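Student: Contents of model32.cif (mmCIF, N, CA and C atoms) are below:
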```cif
data_run
#
loop_
_atom_site.group_PDB
_atom_site.id
_atom_site.type_symbol
_atom_site.label_atom_id
_atom_site.label_comp_id
_atom_site.auth_asym_id
_atom_site.auth_seq_id
_atom_site.Cartn_x
_atom_site.Cartn_y
_atom_site.Cartn_z
ATOM 1 N N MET A 94 -10.499 50.273 238.548
ATOM 2 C CA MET A 94 -10.767 50.931 239.856
ATOM 3 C C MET A 94 -10.533 52.449 239.757
ATOM 4 N N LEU A 95 -11.316 53.206 240.568
ATOM 5 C CA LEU A 95 -11.310 54.682 240.694
ATOM 6 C C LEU A 95 -11.608 55.373 239.337
ATOM 7 N N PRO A 96 -12.800 56.040 239.183
ATOM 8 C CA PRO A 96 -13.096 56.886 238.008
ATOM 9 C C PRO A 96 -12.316 58.220 238.064
ATOM 10 N N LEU A 97 -12.694 59.162 237.201
ATOM 11 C CA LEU A 97 -12.080 60.490 237.157
ATOM 12 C C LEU A 97 -12.600 61.342 238.338
ATOM 13 N N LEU A 98 -11.694 62.146 238.891
ATOM 14 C CA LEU A 98 -11.818 62.877 240.173
ATOM 15 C C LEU A 98 -11.806 61.918 241.393
ATOM 16 N N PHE A 99 -12.761 60.977 241.405
ATOM 17 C CA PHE A 99 -13.016 60.054 242.528
ATOM 18 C C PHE A 99 -11.928 58.971 242.660
ATOM 19 N N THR A 100 -11.485 58.737 243.909
ATOM 20 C CA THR A 100 -10.487 57.712 244.247
ATOM 21 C C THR A 100 -10.675 57.259 245.712
ATOM 22 N N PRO A 101 -11.319 56.076 245.958
ATOM 23 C CA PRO A 101 -11.668 55.643 247.323
ATOM 24 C C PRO A 101 -10.440 55.113 248.103
ATOM 25 N N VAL A 102 -9.684 56.060 248.681
ATOM 26 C CA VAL A 102 -8.565 55.762 249.578
ATOM 27 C C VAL A 102 -9.073 55.657 251.026
ATOM 28 N N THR A 103 -8.390 54.857 251.839
ATOM 29 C CA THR A 103 -8.666 54.759 253.282
ATOM 30 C C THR A 103 -7.549 55.471 254.067
ATOM 31 N N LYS A 104 -7.822 55.789 255.339
ATOM 32 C CA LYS A 104 -6.831 56.384 256.237
ATOM 33 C C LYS A 104 -7.077 55.852 257.656
ATOM 34 N N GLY A 105 -6.291 54.843 258.043
ATOM 35 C CA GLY A 105 -6.319 54.269 259.395
ATOM 36 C C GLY A 105 -4.942 53.852 259.868
ATOM 37 N N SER A 106 -3.914 54.203 259.072
ATOM 38 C CA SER A 106 -2.517 53.982 259.429
ATOM 39 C C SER A 106 -2.098 54.977 260.538
ATOM 40 N N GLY A 107 -2.144 54.505 261.796
ATOM 41 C CA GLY A 107 -1.789 55.316 262.967
ATOM 42 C C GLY A 107 -2.694 55.027 264.158
ATOM 43 N N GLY A 108 -2.469 55.752 265.266
ATOM 44 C CA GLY A 108 -3.271 55.596 266.477
ATOM 45 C C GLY A 108 -2.975 56.686 267.501
ATOM 46 N N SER A 109 -4.033 57.311 268.046
ATOM 47 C CA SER A 109 -3.922 58.303 269.131
ATOM 48 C C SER A 109 -5.013 58.023 270.180
ATOM 49 N N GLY A 110 -6.279 57.991 269.715
ATOM 50 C CA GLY A 110 -7.431 57.723 270.577
ATOM 51 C C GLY A 110 -8.753 57.983 269.865
ATOM 52 N N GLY A 111 -8.854 57.495 268.618
ATOM 53 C CA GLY A 111 -10.054 57.664 267.795
ATOM 54 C C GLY A 111 -9.771 57.428 266.317
ATOM 55 N N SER A 112 -10.756 57.740 265.462
ATOM 56 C CA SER A 112 -10.624 57.588 264.003
ATOM 57 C C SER A 112 -9.706 58.687 263.436
ATOM 58 N N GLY A 113 -8.483 58.306 263.027
ATOM 59 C CA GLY A 113 -7.562 59.215 262.336
ATOM 60 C C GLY A 113 -7.685 59.067 260.830
ATOM 61 N N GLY A 114 -8.823 59.536 260.284
ATOM 62 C CA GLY A 114 -9.136 59.380 258.863
ATOM 63 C C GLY A 114 -9.821 60.587 258.258
ATOM 64 N N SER A 115 -9.479 61.781 258.766
ATOM 65 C CA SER A 115 -10.035 63.048 258.268
ATOM 66 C C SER A 115 -9.419 63.393 256.905
ATOM 67 N N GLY A 116 -10.293 63.711 255.934
ATOM 68 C CA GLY A 116 -9.887 64.136 254.604
ATOM 69 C C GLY A 116 -9.379 62.990 253.739
ATOM 70 N N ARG A 117 -10.206 62.533 252.787
ATOM 71 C CA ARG A 117 -9.807 61.495 251.823
ATOM 72 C C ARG A 117 -9.104 62.164 250.632
ATOM 73 N N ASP A 118 -7.934 61.631 250.254
ATOM 74 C CA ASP A 118 -7.111 62.192 249.178
ATOM 75 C C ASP A 118 -7.488 61.474 247.890
ATOM 76 N N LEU A 119 -8.254 62.137 247.010
ATOM 77 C CA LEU A 119 -8.697 61.488 245.778
ATOM 78 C C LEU A 119 -7.690 61.853 244.692
ATOM 79 N N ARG A 120 -6.892 60.866 244.254
ATOM 80 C CA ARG A 120 -5.940 61.053 243.157
ATOM 81 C C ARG A 120 -6.428 60.306 241.917
ATOM 82 N N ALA A 121 -6.853 61.051 240.906
ATOM 83 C CA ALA A 121 -7.298 60.488 239.631
ATOM 84 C C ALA A 121 -6.461 61.088 238.498
ATOM 85 N N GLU A 122 -6.186 60.266 237.482
ATOM 86 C CA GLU A 122 -5.448 60.689 236.292
ATOM 87 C C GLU A 122 -6.431 61.388 235.351
ATOM 88 N N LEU A 123 -6.136 62.645 235.005
ATOM 89 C CA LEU A 123 -7.047 63.514 234.260
ATOM 90 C C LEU A 123 -6.660 63.531 232.768
ATOM 91 N N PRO A 124 -7.412 62.803 231.878
ATOM 92 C CA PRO A 124 -7.144 62.824 230.431
ATOM 93 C C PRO A 124 -7.572 64.182 229.833
ATOM 94 N N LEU A 125 -6.594 64.950 229.347
ATOM 95 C CA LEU A 125 -6.801 66.350 228.978
ATOM 96 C C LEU A 125 -6.115 66.623 227.637
ATOM 97 N N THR A 126 -6.892 67.087 226.652
ATOM 98 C CA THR A 126 -6.413 67.381 225.303
ATOM 99 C C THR A 126 -5.482 68.626 225.299
ATOM 100 N N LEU A 127 -4.687 68.796 224.221
ATOM 101 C CA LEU A 127 -3.705 69.901 224.107
ATOM 102 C C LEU A 127 -4.382 71.287 224.084
ATOM 103 N N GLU A 128 -5.558 71.380 223.440
ATOM 104 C CA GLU A 128 -6.333 72.638 223.343
ATOM 105 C C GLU A 128 -6.890 73.001 224.725
ATOM 106 N N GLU A 129 -7.347 71.962 225.438
ATOM 107 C CA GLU A 129 -7.886 72.061 226.805
ATOM 108 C C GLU A 129 -6.806 72.561 227.775
ATOM 109 N N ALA A 130 -5.605 71.992 227.630
ATOM 110 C CA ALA A 130 -4.438 72.331 228.451
ATOM 111 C C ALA A 130 -3.931 73.754 228.148
ATOM 112 N N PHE A 131 -4.000 74.119 226.855
ATOM 113 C CA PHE A 131 -3.556 75.419 226.305
ATOM 114 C C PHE A 131 -4.425 76.568 226.844
ATOM 115 N N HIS A 132 -5.749 76.374 226.757
ATOM 116 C CA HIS A 132 -6.738 77.406 227.102
ATOM 117 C C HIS A 132 -6.951 77.483 228.625
ATOM 118 N N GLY A 133 -7.009 76.308 229.278
ATOM 119 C CA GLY A 133 -7.167 76.223 230.732
ATOM 120 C C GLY A 133 -8.520 76.737 231.220
ATOM 121 N N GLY A 134 -9.598 76.120 230.711
ATOM 122 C CA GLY A 134 -10.959 76.420 231.157
ATOM 123 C C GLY A 134 -11.402 75.450 232.246
ATOM 124 N N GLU A 135 -12.598 74.861 232.095
ATOM 125 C CA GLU A 135 -13.060 73.747 232.943
ATOM 126 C C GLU A 135 -13.049 72.439 232.144
ATOM 127 N N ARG A 136 -13.044 71.332 232.879
ATOM 128 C CA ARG A 136 -13.186 69.980 232.348
ATOM 129 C C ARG A 136 -14.222 69.250 233.215
ATOM 130 N N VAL A 137 -15.299 68.765 232.582
ATOM 131 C CA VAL A 137 -16.317 67.960 233.258
ATOM 132 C C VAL A 137 -15.767 66.555 233.557
ATOM 133 N N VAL A 138 -15.825 66.191 234.837
ATOM 134 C CA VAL A 138 -15.316 64.932 235.376
ATOM 135 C C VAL A 138 -16.456 64.257 236.180
ATOM 136 N N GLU A 139 -16.510 62.923 236.144
ATOM 137 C CA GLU A 139 -17.576 62.138 236.790
ATOM 138 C C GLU A 139 -17.027 61.505 238.078
ATOM 139 N N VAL A 140 -17.449 62.061 239.225
ATOM 140 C CA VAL A 140 -16.974 61.652 240.558
ATOM 141 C C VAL A 140 -18.081 60.852 241.273
ATOM 142 N N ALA A 141 -17.957 59.505 241.260
ATOM 143 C CA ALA A 141 -18.898 58.590 241.954
ATOM 144 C C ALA A 141 -20.339 58.693 241.379
ATOM 145 N N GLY A 142 -20.439 59.143 240.114
ATOM 146 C CA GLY A 142 -21.723 59.312 239.428
ATOM 147 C C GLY A 142 -22.214 60.755 239.435
ATOM 148 N N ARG A 143 -21.404 61.675 239.998
ATOM 149 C CA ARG A 143 -21.747 63.106 240.110
ATOM 150 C C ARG A 143 -21.023 63.884 238.993
ATOM 151 N N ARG A 144 -21.781 64.557 238.117
ATOM 152 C CA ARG A 144 -21.215 65.379 237.034
ATOM 153 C C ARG A 144 -20.824 66.757 237.602
ATOM 154 N N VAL A 145 -19.508 66.992 237.742
ATOM 155 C CA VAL A 145 -18.948 68.285 238.193
ATOM 156 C C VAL A 145 -17.932 68.800 237.160
ATOM 157 N N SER A 146 -17.698 70.113 237.136
ATOM 158 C CA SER A 146 -16.668 70.729 236.291
ATOM 159 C C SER A 146 -15.489 71.208 237.155
ATOM 160 N N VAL A 147 -14.287 70.661 236.905
ATOM 161 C CA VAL A 147 -13.063 71.077 237.608
ATOM 162 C C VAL A 147 -12.269 72.059 236.728
ATOM 163 N N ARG A 148 -11.830 73.181 237.309
ATOM 164 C CA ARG A 148 -11.078 74.200 236.570
ATOM 165 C C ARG A 148 -9.605 73.783 236.442
ATOM 166 N N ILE A 149 -9.154 73.648 235.198
ATOM 167 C CA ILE A 149 -7.778 73.276 234.857
ATOM 168 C C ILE A 149 -6.946 74.565 234.594
ATOM 169 N N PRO A 150 -5.641 74.623 235.016
ATOM 170 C CA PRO A 150 -4.783 75.809 234.774
ATOM 171 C C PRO A 150 -4.356 75.941 233.282
ATOM 172 N N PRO A 151 -4.255 77.201 232.736
ATOM 173 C CA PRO A 151 -3.802 77.434 231.347
ATOM 174 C C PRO A 151 -2.287 77.207 231.191
ATOM 175 N N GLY A 152 -1.917 76.470 230.137
ATOM 176 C CA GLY A 152 -0.537 76.068 229.905
ATOM 177 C C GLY A 152 -0.095 74.899 230.780
ATOM 178 N N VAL A 153 -1.043 74.007 231.150
ATOM 179 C CA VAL A 153 -0.733 72.827 231.980
ATOM 180 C C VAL A 153 -0.186 71.687 231.082
ATOM 181 N N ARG A 154 0.717 70.854 231.625
ATOM 182 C CA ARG A 154 1.455 69.840 230.841
ATOM 183 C C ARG A 154 1.319 68.439 231.439
ATOM 184 N N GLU A 155 1.936 67.484 230.727
ATOM 185 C CA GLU A 155 2.009 66.074 231.112
ATOM 186 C C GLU A 155 2.747 65.912 232.450
ATOM 187 N N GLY A 156 2.118 65.177 233.383
ATOM 188 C CA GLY A 156 2.695 64.910 234.697
ATOM 189 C C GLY A 156 2.477 66.041 235.699
ATOM 190 N N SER A 157 1.717 67.083 235.305
ATOM 191 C CA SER A 157 1.355 68.186 236.205
ATOM 192 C C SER A 157 0.150 67.773 237.061
ATOM 193 N N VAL A 158 0.316 67.756 238.391
ATOM 194 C CA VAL A 158 -0.764 67.372 239.322
ATOM 195 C C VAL A 158 -1.444 68.637 239.896
ATOM 196 N N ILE A 159 -2.770 68.702 239.736
ATOM 197 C CA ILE A 159 -3.601 69.826 240.176
ATOM 198 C C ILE A 159 -4.094 69.528 241.594
ATOM 199 N N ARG A 160 -3.494 70.186 242.591
ATOM 200 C CA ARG A 160 -3.839 69.961 243.996
ATOM 201 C C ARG A 160 -4.880 70.985 244.453
ATOM 202 N N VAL A 161 -6.089 70.496 244.783
ATOM 203 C CA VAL A 161 -7.200 71.330 245.255
ATOM 204 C C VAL A 161 -7.666 70.817 246.653
ATOM 205 N N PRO A 162 -7.208 71.464 247.770
ATOM 206 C CA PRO A 162 -7.584 71.058 249.153
ATOM 207 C C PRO A 162 -9.075 71.338 249.475
ATOM 208 N N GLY A 163 -9.805 70.297 249.921
ATOM 209 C CA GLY A 163 -11.212 70.433 250.337
ATOM 210 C C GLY A 163 -12.200 69.877 249.309
ATOM 211 N N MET A 164 -11.785 69.822 248.028
ATOM 212 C CA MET A 164 -12.666 69.419 246.901
ATOM 213 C C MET A 164 -12.617 67.898 246.668
ATOM 214 N N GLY A 165 -11.560 67.249 247.191
ATOM 215 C CA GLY A 165 -11.354 65.811 247.020
ATOM 216 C C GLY A 165 -12.365 64.961 247.793
ATOM 217 N N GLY A 166 -11.946 64.426 248.965
ATOM 218 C CA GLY A 166 -12.803 63.600 249.819
ATOM 219 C C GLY A 166 -14.122 64.265 250.168
ATOM 220 N N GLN A 167 -15.203 63.761 249.568
ATOM 221 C CA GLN A 167 -16.569 64.231 249.826
ATOM 222 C C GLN A 167 -17.147 63.522 251.059
ATOM 223 N N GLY A 168 -18.299 64.018 251.527
ATOM 224 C CA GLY A 168 -18.958 63.498 252.724
ATOM 225 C C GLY A 168 -18.854 64.469 253.889
ATOM 226 N N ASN A 169 -18.592 63.938 255.096
ATOM 227 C CA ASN A 169 -18.465 64.747 256.322
ATOM 228 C C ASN A 169 -17.077 65.476 256.389
ATOM 229 N N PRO A 170 -15.882 64.779 256.217
ATOM 230 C CA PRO A 170 -14.569 65.450 256.217
ATOM 231 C C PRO A 170 -14.067 65.795 254.778
ATOM 232 N N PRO A 171 -14.032 67.119 254.390
ATOM 233 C CA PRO A 171 -13.470 67.556 253.080
ATOM 234 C C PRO A 171 -11.979 67.174 252.944
ATOM 235 N N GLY A 172 -11.640 66.465 251.853
ATOM 236 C CA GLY A 172 -10.275 65.973 251.619
ATOM 237 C C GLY A 172 -9.576 66.637 250.452
ATOM 238 N N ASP A 173 -8.316 66.255 250.245
ATOM 239 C CA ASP A 173 -7.436 66.853 249.229
ATOM 240 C C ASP A 173 -7.691 66.211 247.857
ATOM 241 N N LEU A 174 -7.559 67.008 246.791
ATOM 242 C CA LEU A 174 -7.760 66.546 245.412
ATOM 243 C C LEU A 174 -6.432 66.588 244.650
ATOM 244 N N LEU A 175 -6.137 65.512 243.912
ATOM 245 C CA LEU A 175 -4.950 65.391 243.057
ATOM 246 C C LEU A 175 -5.380 64.929 241.651
ATOM 247 N N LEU A 176 -5.378 65.838 240.667
ATOM 248 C CA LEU A 176 -5.660 65.482 239.259
ATOM 249 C C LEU A 176 -4.379 65.540 238.440
ATOM 250 N N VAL A 177 -3.814 64.371 238.152
ATOM 251 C CA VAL A 177 -2.531 64.276 237.456
ATOM 252 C C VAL A 177 -2.795 64.326 235.945
ATOM 253 N N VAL A 178 -2.606 65.526 235.368
ATOM 254 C CA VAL A 178 -2.859 65.817 233.948
ATOM 255 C C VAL A 178 -2.069 64.874 233.024
ATOM 256 N N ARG A 179 -2.828 64.095 232.268
ATOM 257 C CA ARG A 179 -2.347 63.156 231.273
ATOM 258 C C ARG A 179 -2.787 63.667 229.893
ATOM 259 N N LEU A 180 -1.837 64.240 229.136
ATOM 260 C CA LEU A 180 -2.124 64.878 227.839
ATOM 261 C C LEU A 180 -2.513 63.839 226.771
ATOM 262 N N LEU A 181 -3.630 64.105 226.079
ATOM 263 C CA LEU A 181 -4.159 63.231 225.026
ATOM 264 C C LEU A 181 -3.472 63.546 223.680
ATOM 265 N N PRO A 182 -3.118 62.493 222.865
ATOM 266 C CA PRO A 182 -2.359 62.664 221.600
ATOM 267 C C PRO A 182 -3.168 63.453 220.539
ATOM 268 N N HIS A 183 -2.654 64.633 220.161
ATOM 269 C CA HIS A 183 -3.305 65.530 219.195
ATOM 270 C C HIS A 183 -2.260 66.024 218.166
#
```
Starting from the coordinates I provided, produce the structure as structure tokens.

Tutor:
Amino acid sequence: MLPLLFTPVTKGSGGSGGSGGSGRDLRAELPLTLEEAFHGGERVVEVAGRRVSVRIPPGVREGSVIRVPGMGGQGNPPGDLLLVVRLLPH
């Protein structure tokens, strides 16, 4: 379940007087090599079949989560993005 970038979370926990589900939080584990983490360029990730490039920070490490507000939940309400950098053995 859930590819890279993309993570189909729901939001209906609560109640006021309508749909309380603005902004889907897509948390995907980002497999990132040591050279990739060192240089901090872009990494091409496949979100629901869409080829996009996400910019990774230079000197990023294992367990570092890249929070990008608005780029996550696609569609009508822009949601939060969480890419938890998982360093590949090199």

Student: Give me the result of the PyMOL selection byres ((chain A and resi 168-179) around 6.5) on this file, residue by residue, as number ranges by chain.

Tutor: A: 115-126, 154-167, 180-181

Student: So which residues get picked by the PyMOL selection byres ((chain A and resi 151) around 6.5) here, written as a ChimeraX atom specification?

Tutor: /A:130-134,149-150,152-153

Student: So which residues of segment 100-162 of chain A fall under helix (DSSP H, G or I) by DSSP, listed as a list in words?

Tutor: residues 127, 128, 129, 130, 131 and 132 of chain A

Student: Take atom CA of residue 113 of chain A and atom N of residue 143 of chain A and report the distance between them in Å, one decimal.

Tutor: 26.4 Å

Student: Any idea what's packed within 8 Å of residue 139 of chain A, counting all atoms listed in the file, ignoring anything in its chain fewer than 4 positions away? Could you give it as a VMD selection string?

Tutor: chain A and resid 96 to 99 143 to 146

Student: Among chain A, which ones does DSSP place in strand (DSSP E), written as a count of residues only?

Tutor: 32

Student: Would you work out the distance separating atom C of residue 147 of chain A from atom N of residue 183 of chain A, expressed in Å to one decimal?

Tutor: 20.5 Å

Student: Would you compute the distance between atom CA of residue 112 of chain A and atom CA of residue 100 of chain A? Give it in Å to one decimal.

Tutor: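 That distance, rounded to one decimal, is 19.8 Å.
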
Student: Taking all atoms of segment 110-119 of chain A that the file lists and extending 8 Å past them on each side, where is the centre of the axis-aligned box and how long are its edges? Answer in Å to one decimal, as lines of an AutoDock Vina configuration file.

Tutor:
```
center_x = -8.5
center_y = 60.8
center_z = 257.6
size_x = 20.5
size_y = 22.7
size_z = 41.9
```

Student: Could you tell me which of A:101, A:110, A:182, A:142 comes closest to residue 127 of chain A if we count all atoms listed in the file?

Tutor: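 Result for the nearest residue to residue 127 of chain A: A:182.
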